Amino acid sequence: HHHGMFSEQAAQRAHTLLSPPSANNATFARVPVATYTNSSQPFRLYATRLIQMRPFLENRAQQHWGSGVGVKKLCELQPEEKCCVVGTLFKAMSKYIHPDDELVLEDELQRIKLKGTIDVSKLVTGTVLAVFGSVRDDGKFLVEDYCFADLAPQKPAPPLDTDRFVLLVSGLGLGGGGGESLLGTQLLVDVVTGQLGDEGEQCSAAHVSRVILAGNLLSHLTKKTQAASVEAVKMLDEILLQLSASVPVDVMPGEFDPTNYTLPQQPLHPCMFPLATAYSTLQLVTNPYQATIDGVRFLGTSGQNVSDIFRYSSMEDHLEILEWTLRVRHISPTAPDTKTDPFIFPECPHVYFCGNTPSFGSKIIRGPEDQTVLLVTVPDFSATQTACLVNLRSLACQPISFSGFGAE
């Protein structure tokens, strides 16, 4: 989908700031940020997976290979029998993939090994597939074809009459990086706020409905180190403040932010952002974050999930790894069990984003029962100084890059 990108709607009107002061001055009323619904409860706090996934992987294999029900558990397997086993994968011997790894398939009961034509550099420990082949003289199970649950059901987001934007940013990384990282950051804030730019920019920035910061806002003797870490947080407060005073802002915990390291990271503590928390517009959300903005279902994490799949996969492109999880109906299979897996898509998001990617990324993908889903990999602003702006009435991501001249 291309139309209604930011730059376009932005240049949509005459310039004005290259002229002597006029009295008449435009001041824009932001869009009604009234239609929102945080829905990340299921984030506020391997059999079970296999149990929930089973119905899915089965109905996928059943359609993928027809009535010919290979539905046979790991126990009911008759050597040399062509069937379909549904289970969990385990691997064993930058990236920790081994020259030659191996995939063992676990059933609730036993666990069989795997041969055949199945990519290992691609799949990783925790995936839940529908394998097809027969048990061999080797004792190992040879595979000829496998599939995954894919995308869950998904009703279409209602139509919007006027474009609404969602600014996705990530990796502000306060603490280190050099003041250039700063001006850039100021410029970022100042654009959404309404400080810089001409009426065109402004009137469109004005159309931004919400701002999501996805983790890593702060990044990492004792005497000064403390002060520093304290200062940083302070700034982030100040930034969050300016933002809060202008538009709704959702903050997501990251790598090493004051909260649990495990995956469903619980929100940050209000005790950190005195200045900002004063605003009803600020909101500290869970890690894997879900919400429905202006009728569009968003879901994203501050990165980690993809960061891991990367460590144990061969996949290079994060945008891919991201698409991967969406196809494997599991936000982060690389994560441990603890009793419904929250990380299994109940319905399919409209926009699915990802944490501190090293580069901006975007792609729209479709699914079996034609579903539409916009993926986004929000770069680490710290080193990129970029963020995506998603227009919700068209699903168009477009990066925004800030910069200021250097000595040259």
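Numbering starts at 1 and follows the sequence shown.
Pick one of none, 1 to 3, 4 to 9 or 10 or more for the number of deposited-sequence residues not modelled between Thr262 and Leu263.
-> Per the deposited record, the segment joining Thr262 and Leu263 has no missing residues.
Review point. What size is the break between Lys234 and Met235 in terms of deposited sequence residues left without coordinates: none, 1 to 3, 4 to 9, or 10 or more?
Key: The entry has no gap there; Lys234 and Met235 are joined directly.
299-307 versus 94-102 - greater average Cα B-factor per the deposited record: It is 94-102.
Practice problem: Would you mind comparing 366-374 and 59-67 for me and telling me which has the higher average C-alpha temperature factor in the entry? | Solution: On average, C-alpha B-factors are higher across 59-67.
TODO: Report the option among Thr292, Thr222, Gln242, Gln283 whose CA atom has the maximum B-factor in the deposited record.
DONE: Top of the list by C-alpha B-factor: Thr222.
**Report entry** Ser170, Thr277, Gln110, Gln154, ranked by C-alpha B-factor: the highest one
**Finding:** Answer, based on the entry's C-alpha B-factors: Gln110.
(request) Name the third of the chain's ranked CA B-factors that contains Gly177, choosing lowest, middle or highest. (result) CA B-factor rank for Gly177: highest third.
Please place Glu201 in the lowest, middle or highest third of its chain by C-alpha B factor as given in the entry. It belongs to the lowest third of the chain when residues are ordered by C-alpha B-factor.
- Query: Would the CA B-factor of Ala34 place it in the lowest, middle or highest third of its chain?
  - Reply: CA B-factor rank for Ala34: middle third.
Third of chain Cα B-factors occupied by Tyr46:
Ranked within chain, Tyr46 CA B lands in the highest tercile.
Chain-relative CA temperature factor third for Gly133
Its C-alpha B-factor belongs to the highest third of this chain's values.
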